[PDB]
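Here is the naming used below: chain letters follow the sequence lines, and residue numbers restart at 1 for every chain.
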Amino acid sequence: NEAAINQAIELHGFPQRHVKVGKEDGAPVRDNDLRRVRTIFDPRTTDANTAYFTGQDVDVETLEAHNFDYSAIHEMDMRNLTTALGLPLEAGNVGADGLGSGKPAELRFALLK
Amino acid sequence: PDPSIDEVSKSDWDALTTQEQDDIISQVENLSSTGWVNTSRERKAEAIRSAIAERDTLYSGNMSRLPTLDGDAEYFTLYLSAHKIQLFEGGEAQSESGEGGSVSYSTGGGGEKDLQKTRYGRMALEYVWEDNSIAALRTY
Amino acid sequence: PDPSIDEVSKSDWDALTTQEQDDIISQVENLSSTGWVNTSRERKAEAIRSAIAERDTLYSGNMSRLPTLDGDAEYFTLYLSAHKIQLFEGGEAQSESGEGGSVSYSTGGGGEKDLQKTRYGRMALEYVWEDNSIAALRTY
Amino acid sequence: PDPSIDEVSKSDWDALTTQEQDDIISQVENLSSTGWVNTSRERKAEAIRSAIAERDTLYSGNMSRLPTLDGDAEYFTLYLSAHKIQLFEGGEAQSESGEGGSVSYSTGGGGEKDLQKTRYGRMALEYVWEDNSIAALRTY
Amino acid sequence: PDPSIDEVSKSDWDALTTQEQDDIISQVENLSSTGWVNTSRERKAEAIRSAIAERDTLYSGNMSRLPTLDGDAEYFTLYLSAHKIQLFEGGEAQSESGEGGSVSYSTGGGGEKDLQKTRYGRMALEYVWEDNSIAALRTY
Amino acid sequence: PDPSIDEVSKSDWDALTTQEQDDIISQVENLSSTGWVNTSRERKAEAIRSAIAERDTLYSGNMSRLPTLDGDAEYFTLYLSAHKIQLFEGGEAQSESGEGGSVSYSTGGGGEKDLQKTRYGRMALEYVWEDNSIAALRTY
Amino acid sequence: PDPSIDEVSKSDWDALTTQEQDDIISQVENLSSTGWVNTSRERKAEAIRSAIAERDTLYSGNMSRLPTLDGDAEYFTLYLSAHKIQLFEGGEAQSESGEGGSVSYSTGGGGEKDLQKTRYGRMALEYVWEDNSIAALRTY
Amino acid sequence: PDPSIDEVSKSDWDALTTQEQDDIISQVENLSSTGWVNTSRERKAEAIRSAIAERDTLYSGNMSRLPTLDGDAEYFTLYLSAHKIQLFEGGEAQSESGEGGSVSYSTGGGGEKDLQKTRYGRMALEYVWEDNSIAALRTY
Ligand SMILES: [Mg+2]
Ligand SMILES: [Mg+2]
Ligand SMILES: [Mg+2]
Ligand SMILES: [Mg+2]
Ligand SMILES: [Mg+2]
């Protein structure tokens with residue numbers, strides 16, 4: 001699960017840029033052309049205040065980061081692992097609502113003792 | 001033909017013997033039942049030379065590392081030649097009428113762009129992904 | 001025919017005897033009542049050779065673990081041959097008229113793409129998933 | 001007929017006697033008031049052989065647990081044969097005109113896919129779920 | 001007729017005497033003023049046999065806990081037969097013209113599906129839920 | 001007529017005397033100025049017998065506590081009979097012409113469905129909620 | 001030609017010998033079966049000179065460092081010349097009629113722009129990205 | 001010509017010798033195969049003078065610090081002149097018919113602005129950004 005999250009964050013946790021070249025139903029672009037386009041919009045040489053100038057027939061589309069609740073996956077992973085190992089979930093750096101006060105707290109510490 | 005139409009570029013076509021050109025012309029003339037017999041050799045030669053140059057410049061190289069000419073380069077160049085020959089003559093007839101006898105050839109609207117406008121073009125168009133752009137590249 | 005049209009590629013067609021080619025041509029001519037009898041042998045041979053090449057280039061391979069040619073490859077190659085022959089004669093007669101009287105063949109405008117433009121094309125089209133982009137692939 | 005048209009595959013049709021083929025051809029000829037009498041035997045035989053091959057490849061197997069051909073396979077093959085005896089003679093007559101005497105046959109445009117383009121096709125199409133895609137499958 | 005058209009399946013139709021078939025054919029011929037008199041017996045018999053087989057295969061069984069054929073099966077089979085006979089004669093006359101004068105029969109374009117295309121078809125179509133997918137089923 | 005057309009079912013029609021059938025036929029013939037005088041007795045009788053059976057099967061029962069046939073069942077069966085008779089001879093004439101005389105009858109498109117396509121059908125249609133699906137039912 | 005048509009600009013064309021100009025004209029005259037023989041030499045010279053100037057002004061430079069003229073500049077200039085010559089003769093023939101009989105050339109309406117309006121224009125249009133604005137530029 | 005049409009303004013045109021004007025007129029007369037021989041000198045001179053004045057007023061100055069006339073000013077002024085000469089006679093010919101026979105040109109189908117109405121207009125239009133409003137300016 002940790003490996004799956006680590007990979008998924010790289011693929012989907014970061015936005016990515018998709019340059020679409022040429023008009024819909026227009027003249028077809030070839031990859032020797034895309035080499036020259038890639039050389040312009042290169043993230044390797046782009047900066048925070050860069051501006052782009054084009055004809056109407058070029059689009060800079062965005063793969064928006066397809067957000068997912070990896071935090072809850074972490075809490076589930078930690079819940080399973082700690083409770084399998086017989087530890088309180090708090091030892092795994094994970095909290096819970098309501099259970100942080102009174103004898104509803106003390107019971108886990110009693111079980112540990 | 002001995003040198004095939006896919007084996008020759010514009011400069012090569014100019015280097016061929018008259019017979020080698022004529023064999024290729026004879027192959028192109030198979031694509032119409034009329035053989036375009038009322039159009040001169042020079043015009044058929046120019047159409048072929050043009051089709052060869054146009055293939056090599058507009059229908060060459062790659063997109064996404066697929067070849068942009070997917071089909072048989074022989075028949076592509078022949079169909080592109082036949083497209084050119086037909087356009088040297090007003091294009092396709094939607095109808096022909098003579099001494100009372102008449103016919104109509106179901107061509108229809110036929111789109112708007114070059115290869116759409118004649119039957120040989122419409123055949124050649126399947127060889128080159130229907131003029132679509134499947135092109136893709138990435139950062140490295 | 002002894003070598004069937006699906007059992008040969010373009011290079012094999014060029015290697016066939018005249019009788020083997022003539023048997024295949026004779027089979028293709030069965031696809032029309034008119035037999036394309038006024039069109040010469042060379043033109044019918046060219047259309048067949050082209051259909052064989054076009055099958056092996058544009059209609060070979062796979063879409064998912066399916067073949068891209070689902071129907072019988074014999075009849076597909078024959079229909080593709082007949083499609084080509086009909087285009088060599090100028091396409092579908094939508095209407096004909098003369099001292100024999102007159103007829104109209106209910107084509108409408110039809111589609112835009114070559115196989116949509118003739119009856120043999122529209123028959124061939126069903127063999128090849130109707131030209132649909134049905135392929136799928138995954139990482140492993 | 002003794003062997004019915006639904007009892008024979010492509011290789012079986014080729015194994016029949018001329019009489020058994022002629023009985024089946026005679027049955028197909030019942031589907032037009034004209035009997036297609038100006039088209040030769042070889043062409044009617046080819047249309048039937050094609051209908052058999054096309055049935056066994058494009059109209060065979062299952063779509064869910066159901067068969068992809070629901071109706072009587074005899075009459076399906078006959079209509080698919082008649083659909084291929086038409087089209088070997090051009091399309092449907094929208095209109096026919098002789099010595100002044102004239103008729104028009106109310107076909108409409110019909111559609112775009114081959115079976116939509118003639119009445120025999122439009123009948124055969126009803127037997128095969130109207131080319132609908134009702135197939136379904138589960139993980140196990 | 002002593003055996004009615006709704007009482008016989010395809011196997012039974014083949015077992016009838018020629019007189020029992022002729023009685024049923026005679027009943028079908030009542031569905032047109034023209035009787036289809038210039039179409040031969042074999043063609044009318046084939047259309048009836050086909051209509052019987054098509055009823056029993058495509059227009060049989062249940063659609064919810066009720067029959068898919070709601071109307072009188074006698075008249076349904078007659079209308080389905082008349083539809084097929086009319087298609088064997090080329091379909092609906094939209095218009096007729098000659099030295100008798102001229103007429104137009106008000107059809108419009110009609111629908112797309114076979115039963116929609118002719119008057120006998122449209123009469124048959126009301127008997128069978130207008131070809132609608134009205135069936136329902138549940139888990140138990 | 002002495003037994004009225006609304007008082008008889010299909011089995012009753014077969015039980016009537018020739019005169020009782022002829023009285024009902026004579027009543028149906030009142031619905032056209034032409035009387036359909038060139039169409040034989042058997043065909044007018046078959047149309048009536050069919051209309052009786054079709055009323056009793058397709059136009060019987062209830063939609064809520066309403067009858068599905070709201071109008072006068074006599075005139076409904078007559079209009080349904082006249083509809084069938086007209087369809088036994090090509091349907092509506094949009095236009096008729098001969099010897100330099102001509103007329104056109106304002107029929108238009110006339111919808112798509114059976115009863116919509118002729119004037120007698122359209123009269124009958126008003127008797128049967130215009131074929132609308134107005135039935136309602138509840139749990140108890 | 002010794003100096004081919006892409007080796008020269010407007011001021012070079014004006015400096016060529018009549019023989020060099022006339023050979024280039026002779027190459028342009030290959031692009032029609034009719035050769036534009038009934039249009040005078042000076043009109044063809046004007047169209048070529050105009051095409052040379054128009055190429056160098058309207059169809060020169062770059063878009064995202066791609067050349068604005070992707071195809072062979074020879075055939076582009078020839079097509080642009082032939083387009084202009086055809087416009088000097090009043091444009092396309094959509095249809096022609098006379099004692100030679102009649103013909104219609106399947107144009108449809110076409111596009112609105114000059115290069116869309118004639119066949120030589122449409123052939124030229126493919127060489128120049130179909131007049132699209134693919135240009136892209138950045139801050140540095 | 002000695003002074004080129006792009007080297008002269010309206011006051012310069014009025015200052016030219018008759019020979020220099022006639023040279024420029026002769027250049028404009030190259031743009032039609034008919035040469036407009038039935039329209040007098042004064043009217044062609046007026047069209048040229050008008051084209052010069054209209055260039056200098058409506059097609060002068062800058063647009064996003066590009067010139068509003070991007071193409072060759074010689075050929076722009078010639079095409080604008082030819083456009084005016086054409087409009088001094090009528091529209092474009094859509095159809096022309098003689099004592100016998102006819103030709104039609106597909107000259108229509110464009111937009112409604114004056115330059116869109118004729119072939120010379122549609123050529124001139126490309127030289128001037130197709131009347132597009134690509135101008136831009138900023139605070140400083
Ligand atoms: Mg395709
Ligand atoms: Mg109804
Ligand atoms: Mg159906
Ligand atoms: Mg293109
Ligand atoms: Mg432009």
Side-chain angles (χ1 to χ4, degrees), chain D residues 1 4 6 26-36 67 69-79 82-83 86 92-113 115-132 134, chain E residues 9-10 14 36-61 80 83-119 121 131 133:
Chain D
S4 180
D6 58 322
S26 303
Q27 190 178 12
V28 177
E29 286 181 357
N30 292 339
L31 278 53
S32 173
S33 67
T34 70
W36 298 288
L69 169 59
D70 189 31
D72 186 357
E74 178 181 358
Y75 284 106
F76 176 71
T77 323
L78 296 168
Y79 294 133
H83 164 82
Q86 214 73 32
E92 294 204 306
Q94 184 166 7
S95 179
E96 286 175 320
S97 184
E99 304 311 303
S102 305
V103 59
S104 183
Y105 294 106
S106 198
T107 66
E112 69 197 6
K113 300 171 174 79
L115 290 169
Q116 297 167 329
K117 303 273 77 172
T118 174
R119 64 205 179 270
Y120 306 112
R122 293 190 291 266
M123 283 192 285
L125 182 60
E126 187 75 38
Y127 287 60
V128 287
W129 307 96
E130 307 181 26
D131 241 54
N132 292 193
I134 68 168
Chain E
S9 193
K10 187 180 71 175
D14 290 345
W36 304 283
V37 290
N38 292 339
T39 283
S40 70
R41 183 197 180 271
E42 307 89 345
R43 300 183 156 85
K44 286 173 288 200
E46 200 78 49
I48 289 159
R49 187 178 184 267
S50 188
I52 287 163
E54 191 165 302
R55 177 197 71 211
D56 291 356
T57 55
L58 296 183
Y59 306 116
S60 68
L80 185 61
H83 163 77
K84 272 161 168 58
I85 298 159
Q86 195 63 39
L87 289 186
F88 295 8
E89 290 201 355
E92 286 296 340
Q94 180 177 353
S95 179
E96 297 175 302
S97 187
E99 298 331 304
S102 305
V103 56
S104 176
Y105 293 104
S106 193
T107 62
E112 72 194 355
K113 301 178 173 72
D114 67 337
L115 291 175
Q116 299 175 320
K117 295 268 60 159
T118 92
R119 66 210 191 242
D131 214 51
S133 298

Please classify the contact between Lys44(E) and chain D as side chain, backbone, both or neither, with a heavy-atom cut-off of under 4.5 Å.
neither

Among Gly101(D), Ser97(D), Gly35(D), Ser102(D), residue most engaged with chain E (heavy-atom pairs, under 4.5 Å)
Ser102(D)

Tell me, out of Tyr120(D), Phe76(D), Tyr127(D), who's got the most heavy-atom pairs with chain E below 4.5 Å.
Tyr127(D)

Checking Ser26(D) against chain E: side chain, backbone, both or neither under 4.5 Å from a heavy atom?
neither

Approximate separation, where rounding is to 0.5 Å, of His83(E) NE2 and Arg119(D) CZ:
11.0 Å

Looking at chain E, which one of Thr118(D), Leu125(D), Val103(D), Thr34(D) has the largest number of heavy-atom pairs inside 4.5 Å, strictly under?
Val103(D)

Smallest separation among heavy atoms of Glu46(E) and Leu78(D), with atom names
OE2-CD1, 4.4 Å

Check whether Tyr79(D) gets within reach of chain E through its side chain, its backbone, both or neither, counting any heavy atom under 4.5 Å.
side chain

Which region of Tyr105(E), side chain (C-beta onward) or backbone (N, CA, C, O), has a non-hydrogen atom less than 4.5 Å from a non-hydrogen atom of chain D, or is it both or neither?
neither

Under 4.5 Å heavy-atom distance to chain D, tell me which part of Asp56(E) shows up: side chain, backbone, both or neither.
neither

Is it the backbone or the side chain of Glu126(D) that comes under 4.5 Å from a heavy atom of chain E, or both, or neither?
both

Chain E contacts, top residue of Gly108(D), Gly121(D), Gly111(D), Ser106(D) (heavy-atom pairs, under 4.5 Å)
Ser106(D)

Pair count under 4.5 Å, heavy atoms only, with chain E: among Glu29(D), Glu99(D), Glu92(D), highest is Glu29(D)

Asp72(D) and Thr57(E) have their tightest heavy-atom pair at N-OG1, 3.5 Å

For side chain to side chain contact (heavy atoms under 4.5 Å, CB included), just list the numbers for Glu130(D) and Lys113(E), CA-CA rounded to whole Å, side-chain angles, deciding distance to a tenth of an Å, and then say yes or no.
CA-CA 9 Å; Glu130(D) 307 181 26; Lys113(E) 301 178 173 72; 3.1 Å; yes

Going through the distances and angles, do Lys117(E) and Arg122(D) end up as a side chain to side chain contact (heavy atoms under 4.5 Å, CB included)?
CA-CA 9 Å; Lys117(E) 295 268 60 159; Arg122(D) 293 190 291 266; 4.1 Å; yes

Measuring from atom CE of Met123(D) to atom CG of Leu115(E), what distance do you get when rounded to the nearest 0.5 angstrom?
10.0 Å

Within a reach of under 6.0 Å around CG of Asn38(E), are more than 12 heavy atoms found that belong to other residues, nucleotides or ligands?
no

Out of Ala53(E), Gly90(E), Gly91(E), which one racks up the most heavy-atom pairs below 4.5 Å with chain D?
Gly90(E)

Assert top hit (heavy-atom pairs under 4.5 Å, partner chain D, pool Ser40(E), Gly98(E), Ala93(E), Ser50(E)) equals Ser50(E)

Does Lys10(E) form a side chain to side chain contact (heavy atoms under 4.5 Å, CB included) with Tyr75(D)? I'd like the steps, not just the answer.
CA-CA 11 Å; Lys10(E) 187 180 71 175; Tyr75(D) 284 106; 4.3 Å; yes

Measure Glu74(D) against the heavy atoms of chain E and call it side chain, backbone, both or neither at under 4.5 Å.
side chain

Any idea which of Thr39(E), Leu87(E), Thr107(E) has the most non-hydrogen atom pairs under 4.5 angstrom with chain D?
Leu87(E)

Cut-off 4.5 Å, heavy atoms of chain E, and the answer for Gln27(D) is both

